[PDB]
Number of protein chains: 12
Amino acid sequence: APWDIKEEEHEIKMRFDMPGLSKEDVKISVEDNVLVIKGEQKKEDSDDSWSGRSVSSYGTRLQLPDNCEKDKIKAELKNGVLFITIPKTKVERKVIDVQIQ
Amino acid sequence: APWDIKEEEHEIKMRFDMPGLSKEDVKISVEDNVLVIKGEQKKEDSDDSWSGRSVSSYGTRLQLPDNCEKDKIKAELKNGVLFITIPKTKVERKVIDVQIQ
Amino acid sequence: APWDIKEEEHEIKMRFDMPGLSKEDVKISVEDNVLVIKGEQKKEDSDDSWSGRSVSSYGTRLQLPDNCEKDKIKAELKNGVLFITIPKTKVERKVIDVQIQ
Amino acid sequence: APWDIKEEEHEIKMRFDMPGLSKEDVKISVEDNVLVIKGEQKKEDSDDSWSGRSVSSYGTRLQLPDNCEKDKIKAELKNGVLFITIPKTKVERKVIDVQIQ
Amino acid sequence: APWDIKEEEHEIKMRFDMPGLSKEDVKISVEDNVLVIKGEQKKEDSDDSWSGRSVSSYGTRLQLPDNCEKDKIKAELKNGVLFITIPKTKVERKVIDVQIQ
Amino acid sequence: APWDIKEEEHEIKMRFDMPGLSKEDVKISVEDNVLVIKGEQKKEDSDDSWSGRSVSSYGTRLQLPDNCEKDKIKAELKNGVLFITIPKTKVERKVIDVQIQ
Amino acid sequence: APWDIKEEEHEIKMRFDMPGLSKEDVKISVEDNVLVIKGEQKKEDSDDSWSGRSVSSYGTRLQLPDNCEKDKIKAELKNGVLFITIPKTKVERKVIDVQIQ
Amino acid sequence: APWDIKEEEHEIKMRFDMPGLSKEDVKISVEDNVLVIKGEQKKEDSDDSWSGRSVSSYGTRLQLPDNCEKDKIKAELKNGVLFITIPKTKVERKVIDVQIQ
Amino acid sequence: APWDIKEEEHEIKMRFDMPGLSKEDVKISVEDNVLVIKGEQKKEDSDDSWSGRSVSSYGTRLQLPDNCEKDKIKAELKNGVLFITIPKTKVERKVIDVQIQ
Amino acid sequence: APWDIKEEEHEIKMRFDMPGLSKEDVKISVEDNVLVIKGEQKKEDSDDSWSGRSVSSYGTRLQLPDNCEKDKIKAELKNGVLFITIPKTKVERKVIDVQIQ
Amino acid sequence: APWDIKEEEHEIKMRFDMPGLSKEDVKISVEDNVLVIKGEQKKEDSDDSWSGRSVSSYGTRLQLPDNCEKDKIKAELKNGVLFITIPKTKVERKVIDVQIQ
Amino acid sequence: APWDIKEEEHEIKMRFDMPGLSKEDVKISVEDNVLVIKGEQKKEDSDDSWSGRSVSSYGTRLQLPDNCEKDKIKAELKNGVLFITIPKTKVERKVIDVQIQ
């Protein structure tokens, strides 16, 4: 299965995966509320000696409900699998319901 | 015809419809600018004694141009038909046009 | 789910549904063994002031196995939902089975 | 090719095209951050004397990243071709990167 | 609408259209009875500085019923719209009808 | 790109890839000339706490031209990527060509 | 248009059509309530001397609501067009309507 | 070929077929004019010890032109093949033909 | 079958067909080498009193190899079937064959 | 369900089925390792007197992993159902596993 | 690739191909301006002793711009490949261009 | 028709075909039991002077039941048609049949 993206019990979480890609070719970037991921192909630093070299596009968008709180943002890569944990927001301070009468 | 959603001559109006659903299983919820509707199936409180019991999903999104003014928001249900009337906003205080020269 | 039509434990039952349609625009008609339903659009008696006025065709056929016994035929409309209960018949007074030898 | 829409080396640019439409039937309109274009068919002011008169819908949306700065907004029409040049914004004053550890 | 081609009340008329193309890149050619149009892309004489440069094929055939009378043949280009007016012929000097008996 | 399978300049090589799968859930098996791969889902040994858990089938066939020489067979897993290197055979000791005359 | 079949103001009427078929190759047949038409190809009695001889199937079913009254049944063929006029029945001697309460 | 259903030279005949089904799991049932067949799966009385156990639905409808004469109705099963022979009726005591004039 | 168009053993022949159309609404027209047929709908001269009135387009083109010799051109309509017989031409006065060497 | 083909707990088993076909029209044939089945249509030895006579092709291939041991091969036909039981082989006398290091 | 048909630097050229067909079964025919090719199947003069005998249709049309000059027309067949070289014409003695003003 | 491949009355035979390809660009190759054909495009040795030059892939596999006996293998090319005749094998020295009891 390619990816997961969901509000967990307390936060927001993404998870994707990529063969070959090690701890080197990974980058991200933040904005006022926009996250972006940039993975690329460093499958040119050992040797080719091959045919089925894999090359594709990896960077991708994201927007958080509230402006992305930056400090506690965590992420990790293992066995060709990246995943990013990020804090939830504090929505629902006020609401009103039906008066259908 | 399932629904209508439109800016009338003075306000914003939604209208949808649902068999069975009476004045009980209806709920809404507001946000800073987000409306959401939650209807569900209380077709379990009289008796089944049936085969063609109808059950589906009814809640749905909405966003208003300007933050939803809450007081005068009205809505009503009759003959299995929901409809919500909500105040318009006061856009277009300034504009500029072509200077194609 | 649109409709149900079935032999229950003791009788025959139809059930359908229609938004808007109240206790006024409903009619039926019987025959020697043919039932027919005629619903129509009285969505012209309050006001239009609208775009998504719903108008369609509602009348529909039926035939009962035995000629429709007329007295105890019942029906009802609620929350835009029609349903007709009608007596079963007394088939299977005699039968013969295989003699495949 | 119908249109182009892109961030150039320094600004934002749209370009589209329309047969017949001259410097008369063109209009635009601005908002806090919303641009809209309104072209229409003045192919009724010379004469018809024709069959293949062209009539369609031309107005279209746009939103700029930052609220549309209004003064230096330029545009032009030639040979049935419209194009609008508009100032870029000043995003990316701060950023944070991975700490995948 | 792309083009029109028709016998008018007195003559024959074509009309087509092309963004960008001005009074320069247009050419035609005549034959004993064959007309041909050759438009091309001079969208290389101002500057590119662009992505959505439009380039396509424009030349096209035609045959007139009678050999094309050459003198009074007229044509014009405006707002990226070409159109050619050409004299009709003098067919139907004799006819015979049914004798189905 | 999913996989590569090819005769290299001197040997035979397979390469595939699998997210999540680490150095644990991997197995192979040999035969007289048949290779088979068995990967499975050990995504049950850390915790679920998730929705998009990935589970599928991974084992797959192979046959080598000549009976698989077993000693020098190598393979490796990194960044969720498996690949197996295996010795080539020594075909083409004799041949005959056309005599089409 | 191939055919017409309808209850007129007072009776029941069919109309169809067939090239070539003259007053010879036409037949019908009645039943307790079933009508059937049998037209065939007598395009073998003058001469072939041809390629595009037309041959197809023409007979077709019908059932009348009440058993077909036989005497006044009329029909006619002209210009390769058949049409059958037949008496209506006397349905609706009794009816009952809604009691939806 | 699955089945045959036809009026023979003197009667009416059905024939179908079913693997496994022996002389046990077969049943029929008659009505005023309705025949029905009920075969089922007794592939649970010897043992499973298997994977490709076959289970499906076998009962099926029939209506005879005239009310089914019951005595001489015959049927048989052999080599997983059922077939039912039933008496024809005595239709066509009277008829009327065209008067197309 | 709709139509036939063919060179017979000695001439050229067309044949088509049209329900309703009698000996009245038929017309043709000749040219230097162009034949055209014009049938239309006179299904307005008796009465409508109907629903399935048939109306369509019937005129159609033709070109003969050599200019249409006019005198001996024959045609006829019967049972809603038109057919036109026309003289062949006298092609093939000279020819040359391969010299492939 | 048409057929089953599988390695059971101890052997190899096929099972298929055929209406009509009795113990007569069945044949098989063996090879070094190839099995083939030949059923045909002896539905010509009793009488036709029918329309829905069934005729098709029944012979089919098979290959066993190891050369087919011939003695204990069993098979049977009942209720139009064929099935062949055949001995398994003795594979897996030696194996080697990963050394992914 | 099946065929080529093109105006070369000085003439007109066709080229096609056909297995089996030798220098015998080839024919052409000329007209005032129409060329036609007739190849056929003489794959009946040696012996069949075969299954995959090839038989198809080979004759085909052509029209030249100007009436086909007959003398210098050349053609040849080799290795199951035919090709015809034919003289070009002398078009474009006069022309007129745009006056779009 | 592209090819034929079949066991004749005494041997095995292939036949295919290729335009242009003469007695030069043809090659085959044998193995223990594998035949392979290699045709290629020598349509570069006379001249191009063309557009519709044909180039494709021609080599193809084959396996014989028994190891290919090499001496008497024959083949030939004529009129762009290849065909290979090869000796049959001597299968069926022993067999066993049903004992369905």
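Preceding block: the structure.
The rules behind the values
- Per-chain numbering applies: from 1 upward along each written sequence, possibly unlike the entry's numbering, with residues missing coordinates excluded.
- Note on labels: chains are lettered from A, ligands numbered from 1, in written order.
- Side-chain descriptors were evaluated using all non-hydrogen atoms of the structure, hydrogens and water having been removed beforehand.
- A pair of strands is considered paired only if DSSP assigns at least 2 bridges between the two.
- Secondary structure counts use DSSP, requiring at least four H or I residues in a row for a helix and at least two E residues in a row for a strand, with both numbered from the N terminus.
- Axis angles are defined between N-to-C directions and span 0 to 180 degrees, where every axis is a line fitted to C-alpha atoms and, for a helix, only to the segment in contact.
- The superposition of copies relies on a least-squares fit of their C-alpha atoms.
- Whenever a carboxyl oxygen of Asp or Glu lies within 4 Å of a side-chain nitrogen of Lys or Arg, that contact is scored as a salt bridge.
- Relative accessibility under 20% of the residue-type maximum defines a buried residue, over 50% an exposed one, and the middle range a partly exposed one, all with a 1.4 Å probe and only protein chains included.
- Only heavy atoms matter for contacts: two residues are in contact if any of them lie within 4.5 Å across the pair.
- The term buried area means the drop in 1.4 Å probe accessible area that two parts suffer when joined, counted for both and summed.
- Distance and chemistry together define a polar contact, namely a pair of N or O atoms within 3.5 Å, with one atom able to donate a hydrogen and the other to accept it when in protein, and with adjacent residues in sequence counting only for side-chain atoms on both sides.
- Excluding any residue in a salt bridge, patches collect residues exceeding 30% relative accessible area, merging like charges within 9 Å and nonpolar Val, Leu, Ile, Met, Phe, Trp and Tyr side chains within 5 Å.
- Computed with the Shrake-Rupley method and a 1.4 Å probe, the accessible areas treat only the protein chains shown as cover for residues.
- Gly counts as polar in this scheme, as do all residues outside two lists: the nonpolar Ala, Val, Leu, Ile, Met, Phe, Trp, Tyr, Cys and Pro, and the charged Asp, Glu, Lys and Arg.
- Two aromatic rings, drawn from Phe, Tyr or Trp (for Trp, its six-membered ring), form a pair once their centres lie within 6.5 Å of each other, and the interplanar angle then sorts them: stacked below 30 degrees, edge-to-face above 60, tilted otherwise.

## Quick word on the sheet that holds strand β4 (residues 34–39) of chain G
Residues and elements named next belong to chain G. Taken in spatial order, the three strands make up an open sheet running β3-β4-β5, and their pairing is antiparallel. Two strands close off the open sheet at either side, each with one partner strand: β3 (26–29) and β5 (60–63). Adjacent strand axes in the sheet meet at a mean angle of 20°, parallel and antiparallel pairs treated alike. Here β4 pairs with β5 via four bridges, running antiparallel. Bridging across to β5, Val 34 finds its partner in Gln 63.

## A look at the relation of the copies chain B and chain D
Once turned by 120° and shifted 0.3 Å along the axis, chain B lies on chain D with an RMSD of 0.0 Å. What the rotation and shift describe, once combined, is the action of a three-fold rotation axis.

## What to know about the pattern of salt bridges
Residues and elements named next belong to chain L. Enumeration according to the criterion identifies 60 salt bridges over all chains in this entry. The salt bridge involving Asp 71 is made with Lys 72; its shortest N-O contact spans 3.7 Å. Residue classification places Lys 72 among the partly exposed positions, given a relative accessible area of 39%.

## A word on the relation of the copies chain H and chain J
Mapping chain H onto chain J calls for a screw motion: a turn of 180° about the axis and a shift of 0.3 Å along it, with 0.0 Å RMSD after fitting. Both copies are brought into coincidence by an operation consistent with a two-fold rotation axis. For chain H, the smallest separation between a C-alpha atom and the rotation axis is recorded for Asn 79 of chain H, amounting to 2.0 Å. A symmetric contact is evident, with 100% of the interface residues of chain H recurring at the interface of chain J.

## Remarks on the sheet that holds strand β1 (residues 4–7) of chain G
Sheet strands associate in pairs through backbone hydrogen bonding, adopting either a parallel or an antiparallel arrangement. Residues and elements named next belong to chain G. Across the sheet, four strands lie side by side as β1-β2-β7-β6; this open sheet has antiparallel pairing. Of all strands in the sheet, those with a lone pairing partner are β1 and β6 (74–78), marking the two edges. If you compare each strand with its neighbour and ignore which way they point, the axes differ by 10° on average. Two strands pair when backbone bridges link them, and strand β2 (residues 11–17) and strand β7 (residues 81–87) are joined in this way by seven bridges, in the antiparallel orientation. Pairing of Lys 13 across the sheet is with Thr 85, part of β7.

## Describing the side chain of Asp 17 of chain A
Structurally, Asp 17 of chain A can be placed in strand β2 (residues 11–17). Given a relative accessible area of 10%, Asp 17 of chain A falls into the buried group.

## Quick notes on the interface of chain B and chain D
Opposite the eight residues of chain B that make contact, chain D presents nine residues. Carbon and sulfur atoms supply 65% of the area buried between chain B and chain D, which totals about 870 Å² over both sides. One can count zero salt bridges joining chain B with chain D. Counting every contact that joins chain B to chain D gives zero residue pairs in polar contact.

## With respect to a nonpolar patch on the surface
Residues and elements named next belong to chain A. Together, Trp 3, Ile 5 and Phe 16 make up a nonpolar patch on the protein surface, roughly 340 Å² of accessible area in all. With respect to the element layout, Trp 3 can be found in the segment before β1 (4–7). Exposure remark for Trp 3: the relative accessible area of 53% places this residue in the exposed category.

## As for the arrangement of the chains
As for chain G relative to chain D, no contact occurs, and the smallest C-alpha gap between them is 30 Å. In this view chain C stays clear of chain J, with the nearest C-alpha atoms of the two still 15 Å from each other.

## Quick word on the interface of chain H and chain J
With 19 residues of chain H at the interface, the matching set in chain J holds 19 residues. Approximately 1,400 Å² of surface area, both sides summed, lies buried where chain H meets chain J, with 49% of it carried by carbon and sulfur atoms. On the chain H side of the contact with chain J, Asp 4, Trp 50 and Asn 79 of chain H bury the most area, a combined 35% of that side's loss. On the surface where chain H and chain J come into contact, there are zero salt bridges. Taken together, the connections running from chain H to chain J amount to 11 residue pairs in polar contact. Breaking the side of chain H that touches chain J down by element, the ones donating at least two residues are β1 (4–7) and β2 (11–17) of chain H. Take the side of chain H that touches chain J: its biggest share by element is three residues, from β2 of chain H. Within the side of chain H that touches chain J, the residues separate by chemical class into six nonpolar, seven polar and six charged.

## Notes on the packing of aromatic side chains
Residues and elements named next belong to chain B. A full pass over the atoms with the stated rule returns 12 aromatic pairs over all chains. On the numbers, 6.3 Å between centres and 55° between planes, the contact of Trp 3 with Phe 16 is tilted. Taken together, the residues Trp 3 in the segment before β1 (4–7) and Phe 16 in strand β2 (residues 11–17) connect sequence positions 13 residues apart.

## Remarks on the pairing of strand β1 (residues 4–7) of chain K
All names here are of chain K. Sheet topology places β1 next to strand β2 (residues 11–17); four bridges connect them, and they run antiparallel. When the bridges of β2 are listed, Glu 7 appears paired with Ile 12. Between β1 and β2, which pair antiparallel and follow one another directly, the connecting turn spans three residues.

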